[PDB]
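Here the structure is laid out as structure tokens; the discussion comes afterwards.
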Amino acid sequence: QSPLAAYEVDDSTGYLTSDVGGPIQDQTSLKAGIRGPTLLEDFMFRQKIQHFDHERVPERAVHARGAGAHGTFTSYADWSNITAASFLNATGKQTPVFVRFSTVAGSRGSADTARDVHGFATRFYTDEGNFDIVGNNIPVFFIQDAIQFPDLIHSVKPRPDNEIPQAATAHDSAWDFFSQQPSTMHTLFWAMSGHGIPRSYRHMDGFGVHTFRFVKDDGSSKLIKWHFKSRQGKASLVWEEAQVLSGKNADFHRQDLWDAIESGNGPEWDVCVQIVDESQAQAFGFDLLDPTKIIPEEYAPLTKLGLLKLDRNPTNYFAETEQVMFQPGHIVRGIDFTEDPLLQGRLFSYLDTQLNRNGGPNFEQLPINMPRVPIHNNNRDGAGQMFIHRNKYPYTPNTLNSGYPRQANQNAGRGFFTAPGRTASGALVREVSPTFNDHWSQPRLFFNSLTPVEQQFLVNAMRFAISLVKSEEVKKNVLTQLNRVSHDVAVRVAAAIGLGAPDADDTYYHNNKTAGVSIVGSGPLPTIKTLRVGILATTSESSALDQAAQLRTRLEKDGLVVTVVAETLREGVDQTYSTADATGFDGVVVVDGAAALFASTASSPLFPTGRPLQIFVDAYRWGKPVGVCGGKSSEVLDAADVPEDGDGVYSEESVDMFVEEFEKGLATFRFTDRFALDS
Amino acid sequence: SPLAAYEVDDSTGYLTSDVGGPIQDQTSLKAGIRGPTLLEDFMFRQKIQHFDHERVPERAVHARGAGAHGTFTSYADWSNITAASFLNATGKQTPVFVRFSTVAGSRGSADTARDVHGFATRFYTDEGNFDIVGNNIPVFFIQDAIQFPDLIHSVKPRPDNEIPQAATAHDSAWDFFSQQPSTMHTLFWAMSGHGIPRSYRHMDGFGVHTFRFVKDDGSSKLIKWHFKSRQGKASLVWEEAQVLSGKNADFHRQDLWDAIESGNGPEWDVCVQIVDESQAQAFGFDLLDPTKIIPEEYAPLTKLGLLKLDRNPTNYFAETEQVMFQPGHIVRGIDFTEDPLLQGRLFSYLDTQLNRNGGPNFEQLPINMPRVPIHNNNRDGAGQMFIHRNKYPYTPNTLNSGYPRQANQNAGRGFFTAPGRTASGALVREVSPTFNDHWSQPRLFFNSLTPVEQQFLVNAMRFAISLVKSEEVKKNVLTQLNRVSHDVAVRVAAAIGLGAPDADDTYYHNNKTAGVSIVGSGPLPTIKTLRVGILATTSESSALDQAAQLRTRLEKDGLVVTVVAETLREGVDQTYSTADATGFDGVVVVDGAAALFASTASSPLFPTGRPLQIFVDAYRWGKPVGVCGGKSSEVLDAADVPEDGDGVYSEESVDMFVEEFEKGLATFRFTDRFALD
Amino acid sequence: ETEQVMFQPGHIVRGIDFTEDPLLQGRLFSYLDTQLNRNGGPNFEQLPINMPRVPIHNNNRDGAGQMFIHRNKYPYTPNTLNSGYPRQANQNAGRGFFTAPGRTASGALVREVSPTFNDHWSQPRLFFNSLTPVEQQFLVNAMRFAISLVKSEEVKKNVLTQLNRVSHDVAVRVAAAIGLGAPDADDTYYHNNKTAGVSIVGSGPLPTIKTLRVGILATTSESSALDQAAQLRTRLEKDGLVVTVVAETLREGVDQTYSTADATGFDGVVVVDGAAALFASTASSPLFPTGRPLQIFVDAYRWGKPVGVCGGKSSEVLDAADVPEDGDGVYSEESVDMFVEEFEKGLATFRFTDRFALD
Ligand code: HEM
Ligand code: HEM
Ligand SMILES: [Ca+2]
Ligand SMILES: [Ca+2]
Ligand SMILES: [Ca+2]
Ligand SMILES: [Ca+2]
Ligand SMILES: [Ca+2]
Ligand SMILES: [Ca+2]
């Protein structure tokens, strides 16, 4: 009775039919003789190849690369005291959800592990209509006015003469826009942090970005920010790992999410708001209409409203994930917009762009887009009309259908209503509020709030990206804008590109910090379930496979995903060295029984030269917990040049001691002492 | 410049709407300075509507690709074999556009996937557009076009989760291959170096199908198209291709774009095998079967002319994305064959452009327009650009004096079906038994590779099949491989912990054919455009001096030189942080930089061990590597590279270094560095 | 339902097959293709009106507006991973469609017309011979009307050349209206053969008069005219005729005003004699155009319809206001029962063809 159940098609049995139920074959063309030309009258051929010919639809203009899952939202309380929203109106109230995660710049097929902003779009199929929160993993946006979105996106997408390159943040046009449009600095700093390369969709947060309104039935309103706070904790890749992972497994994030749901480890978020009074719009030292600013948690704490859990994978990716069409216009009674000029223009874009993707106006009829309550309106006809409307008088006002459907409003049929306190006053202007003009304080706040090695990673990400800018003018302009946020950042970045930084300009410099934005500083992960352990073994020593089988039992107990790697497959071995890479693991364990594979002179026609040692060395250099289990453990760490007294290096004869130490390393997740800092 | 009439210049002027009204586009119109946005803001809505509607559907296959403009030059008057006007005079020039592609990946997927590749050529001929829509592999997976969706569904990502984008590395692909043995020949090509070509410039193009050449006298001959690279044939190694897919997803489009901008526009000899109609079933297989090659030993290549790509697009979307190729774009002098794969394609490419273009006037797009007049009674349709003067667009008419006139064999240089063509028999959905040998030609191909090449193909199969979860699919795969070669089945089986079935010698043989080996095609005929990375340091003025000296002598011979160091300055192209061995065809270390290669070396400016990793990766992937300056053993010992190794260079003299190294770049890969079973 | 219904000759079932009719052959392509235009996407068979009433089992997927959620994640043949489903249907399994096995093709691949198609004129002449004399006049008259609106003298000459090959008599009679000479007879394709079942005029009386439309022209002037109209309505509605009572103004038992009424609205027209006064020169009123009541009667008579006057007073510059009382399909009775019994025969005759002039 859910529109998805009714539309499920089972092909587990039966004879092949046309789309109109006529049994057919589809394996040989109809020909004038056994070596003859194909006949036009072969309808079986044409219906099949026409469908194939038309399978593709336009990719999303942005966030083209992504993956979705089904789940549930459960309210923690009756939130009537702050909003009329029905999905929040009772303790334990459950609403089905669909979520799609994404990058922003890359086309379909682009790697998940690009450095990019990420999408986090949540549909609540509420009992008063579909409500979408179309958010990002970063709480601030590049630009202050929706009319600028094509300029931003044209600048970060590939240069349009050759469609090169697919590196959003690593070409001239992107840094030209960033340096010419200083609003971009706050999101740029977030994108150059580990938030640009999250470990998974499950290990990042969701943000509505915009200030919205909570509207009560009495018509009063408060200003809110949405925060979806991950229960898996926060985690990043390191860049040099992200680049290899983009080649070895372009599907890493979609596969991570799919596997977590299949294993009963469906990811969870606390859905939260900051709530402040209308009178505080300009009280925090910036404008709450400005989507380049966060409200520091010290000024306004998070309230937990409910639990978001994703626990079911799609049946058909195309029908569900590709076709889901989100809109901030999908709003419900008890929520209202703000005069954020970015949000304001979004409302137009998402209704319009679905005409491009769907090719017709009836996109809300696709099962994934349908609501879970009756539809009563006078919308008619259009390509792909799937309803048969009984009301032959679809106009208001009518007597011939007894005045149905009835208007809904603040006082009728639980209508949506605009927050009745809202006003507008002044000239009809194309002018930016001077309250929006501080582009550099919050980037500085964010930078101050990261740990020293985290600041190094961000500087290194900028050194990497800006070094690939060919224009000396663009590079100069970039250092000018970076210098307004932090002289130190402009100096350290200028060092990698052989330019002089501008002289300190302390206009926007400050020492303030804010909790909750650091990944490095966010402490050990609250759970290690789903984390990936590579056990490097060998088929040559039956001791090595026993060591591996004993580590496997002890690690699988704690919900770790264990891969035993050997030269060849056999029972208890999951993967060959040939297909194995350190990007596939959160921690790597060598069984000392396999010590001979790590020799400088080790060679095999079954995997590339040096593969076993490369996995262990890559894992170590990328900051992961690594260890040798067995007794000649000290022996093998020398081959690797991996110091046995190293933080996050494990060397035990006992399996139980090895795992107990190693599992703490997985929770630590990254050993940041292995990364050099500027002097 | 061939599309110069459609070009729009925005180097000067004030922003306008699409209807030439000067406007702004940086701030929304609002009811007050902190007000909501007005619906009456047409500047906002026209700009965002355009943005909202930028995207068109990607191609159903070959979504990932890149294109360039060029010229075709005929070597001769080919009247004696074909009426084709573009081939009718020595030196006759015809503009071309080519698009290269992979097959399975979506439009943002890495260039260096393991896959079949497309090679589509449009000839804008003086008798209409002629398209050869070819691949870099001369045989196709399937014998009947009706099977194409089965093939493409099986190789594309699993439709519940759209995982994985590794076309040849999931259960569904190997399920199809093992149940549809026609796939074996193309599969063996895709598992060879032909699946990971070094560039578009270093692969051939093939029409795959037998076509006909038809003379003005109506007589016909059967032909195959072969576009033979003048750059020579080259592959990546898999271990390299995987890293390159992450470090530079754009590697093949950038290689082509750079080659054209540097005046190194790639060249192909456009060739044909020509055989008689009487030889359709004479070579031990059916020329209508697209899973079979004519061995060059049976029918030699005739060179018809030169294809040169020498001009990049102005707008990628308008030119490369919007180019709509069709095998139905045929000219007088060419005809089809009863190849059931070709027959169905003729339907598919006319139909699929309705999907991409969203309307029927896709031939009116600048890139799709012909360079000669259009005279027909096609009318109206969404996006009609033409304003037709003829108000009587019907035949037969008197009110337009019977224009346009019907063109045929005898009048108006009409296209005509080869008049010797017949059909005879039952109307059947039956496969010709002449198509039934799926395994001999796969064995021919395998037999025709060098021992190291054979190892690479076994290794590609071991990699891919080891990722198949189904034990029943892996067994069915070994049953099909075993019918091509027991040795291949045993070597693959060893990787996956299964027994190969007993030898089945029905199709086994020791025949070989020339021209299908990459390793066997000898040194490259040119090293121009090949990439030399010079690893230096800013910490030693003399390291930079060595690098500048090496640059001057390498650039003289047309090599693309990248000097790498810790930081950028005059004469340093890239930092260690952005550098990778996938970036170079050879790596040189200047001995002044030897300190960077110590196990102890550490910098906040690049990842731990990056300088030595570039050297070791380059060595391990078979590239020419060396140390210039005389002090070589610190670098070579840190790398575990032997000084006496083939393609390992150590010279004090820059001149002697470069002469040796340039020989290495021609050899291109040192195959003695790969282990054999 | 109606606008979105998407018909195809390629919608065929086991037990039916095509022929090599080159018109049919090309239709098979057109109707699958044209639905992409109308629907804007490839899933037009999923529209309710186009859906079948039996299960769909196939590997068609995706496309704009995809409504199905397919469970089968291995939509290729041949497969083992979905156990080889869906299975191939053919002559010997799963009730597959199959091409008629006796069908063959032989010869050159040709863009040539079969000479067996070349007689374009015998069958036109067969059709023309099979029409009644008045029916032949109607057809001549339709050609005179249409060809008289052609401006090109050359096209008009070419038309008489082709019509002449069917019938010299047709070419002569059409030529007379357009001021041209018919070309000399050409008897290559002339014949006197006839076939049953193609004539309308010759197909005899209608097998039922249910739904046929009777306009009763009355007046609000005379409560007796409204009483006549009411008794006529009761007696006509009993036999399933659709009755419209017409008067100057609406009220109980009046369906339409003279202002909206027209002879095209009726298969038969009855005037109640209580309304005789409206059928005179006098007949001016701000409630309908001058002459409207009589025009409905005169139009109905001129177009061959059964017409009459019920109540017994028929002459009263009523019929005399135009038409003959002895006319076939002209009725005059005082008795409502006798009037209706005569009138219903006239509705079954449907058209009185003796009212049209012949060449
Ligand atoms: C706070 C700023 C923004 C955020 C957080 C944001 C977030 C997103 C997300 C998550 C998606 C992908 C939804 C999915 O998975 O299907 C998306 C798609 C899109 N966004 Fe935004 N966006 C922002 C600003 C804008 C602006 C200013 C515009 C245009 C003026 C815009 C236009 C679009 C369009 C056209 C799409 C494709 C929508 C579709 O095809 O369904 N976005 N955005
Ligand atoms: C010998 C076998 C084949 C070869 C060599 C071949 C080659 C190609 C190439 C090179 C392209 C990309 C053209 C471009 O760059 O725009 C392409 C696209 C395509 N091919 Fe084929 N193909 C083959 C068989 C088939 C078959 C059997 C079908 C269908 C029955 C088919 C349907 C298509 C479609 C629908 C596209 C997208 C075309 C477009 O969007 O313009 N191909 N093919
Ligand atoms: Ca650029
Ligand atoms: Ca980080
Ligand atoms: Ca309102
Ligand atoms: Ca699969
Ligand atoms: Ca090779
Ligand atoms: Ca459309």
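Counting convention: from 1, in listed order, for ligands and their atoms alike. A note on names: the letters A, B, ... follow the listed sequences, proteins ahead of strands, and every chain is numbered from 1. Just so you know, these numbers use all the heavy atoms, side chains as well, and skip hydrogens, waters and symmetry mates.
Those atoms of ligand 2 with a heavy atom of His209(B) less than 4.0 angstrom away are 1 (C). Near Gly118(B), meaning under 4.0 Å from one of its heavy atoms, ligand 2 places the atoms 10 (C). Atoms of ligand 2 lying under 4.0 Å from at least one heavy atom of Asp53(A), given by number and element, are 35 (C). Interface atoms of ligand 2 facing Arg356(B), defined by a heavy-atom separation under 4.0 Å, are 39 (C), 40 (O), 41 (O).
Side-chain contact between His194(B) and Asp204(B): absent, with no pair of heavy atoms (C-beta onward) separated by less than 4.5 Å.
In terms of protein heavy-atom proximity, atom 23 (C) of ligand 2 is closest to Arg345(B) NE, 3.3 Å. Regarding atom 32 (C) of ligand 2, its nearest protein heavy-atom neighbour is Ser348(B) OG, 3.4 Å. Shortest contact from atom 13 (C) of ligand 2 to any protein heavy atom: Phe325(B) CD1, 3.9 Å. Looking from atom 15 (O) of ligand 2 to the surrounding protein, the closest heavy atom is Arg99(B) NH1, 2.7 Å. What sits closest to atom 2 (C) of ligand 2 on the protein, heavy atoms only, is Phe140(B) CD1, 3.4 Å. The single protein non-hydrogen atom nearest to atom 20 (N) of ligand 2 is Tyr349(B) OH, 3.0 Å, given as residue, atom name and distance. Ranking the protein heavy atoms by distance from atom 38 (C) of ligand 2 puts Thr352(B) CG2, 3.7 Å first. Atom 31 (C) of ligand 2 has as its closest protein heavy atom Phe148(B) CE2, 3.5 Å.
Counting heavy atoms closer than 4.0 Å to ligand 2, residue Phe347(B) contributes nothing at all. At a 4.0 Å heavy-atom cut-off, ligand 2 does not touch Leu342(B) at all. The side chain of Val208(B), and not its backbone, has at least one atom closer than 4.0 Å to an atom of ligand 2 (non-hydrogen atoms only; side chain from C-beta on).
One finds no salt bridge joining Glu55(A) and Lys156(B) here, because no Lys/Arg side-chain nitrogen approaches an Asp/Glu carboxylate oxygen to under 4.0 Å. Using a cut-off of 4.0 Å between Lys/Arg side-chain N and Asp/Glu carboxylate O, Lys623(B) and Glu239(B) are scored as not salt-bridged. Salt bridge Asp585(B)/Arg198(B): present, at least one basic N to carboxylate O contact under 4.0 Å. Using a cutoff of 4.0 Å between basic side-chain nitrogens and carboxylate oxygens, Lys475(A) and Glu472(A) are scored as salt-bridged. Salt-bridge check for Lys48(A) with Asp150(B): passed, with a basic side-chain N closer than 4.0 Å to an acidic carboxylate O.
The aromatic rings of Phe668(B) and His202(B) lie parallel to each other, with less than 30° between the two planes, well short of the 60° mark. Using bins of under 30°, 30° to 60° and over 60° for the plane-to-plane angle, the ring pair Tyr200(B)/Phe100(B) lands in the parallel bin. Relative ring orientation between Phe325(B) and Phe97(B) is described as parallel, the plane-to-plane angle staying below 30° on a 0-90° scale split at 30° and 60°.
Within the 4.0 Å heavy-atom shell around ligand 2 one does not find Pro290(B).
Taking distance alone, with nitrogen or oxygen atoms compared against 3.5 Å, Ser101(B) stays at or beyond that limit from ligand 2. Ligand 2 has a nitrogen or oxygen under 3.5 angstrom from a nitrogen or oxygen of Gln353(B).
Checking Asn136(B), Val61(B), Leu350(B) against atom 34 (C) of ligand 2, the nearest heavy atom belongs to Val61(B). In this structure, of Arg59(B), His62(B), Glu55(A), the residue bringing a heavy atom nearest to atom 16 (O) of ligand 2 is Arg59(B).
Listed by first then second residue, pairs satisfying salt bridge (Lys or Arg N to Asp or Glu O under 4.0 Å) with a partner in residues 355-364 of chain B number zero, not counting sequence neighbours.
Not a single ring pair (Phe, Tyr, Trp, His ring centres under 6.0 Å) links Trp621(B) to another residue, sequence neighbours left out.
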Stepwise side chain to side chain donor-acceptor pair (under 3.5 Å) check, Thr291(B) with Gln441(B): CA-CA 8 Å; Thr291(B) 70; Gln441(B) 284 217 356; over 6 Å; no
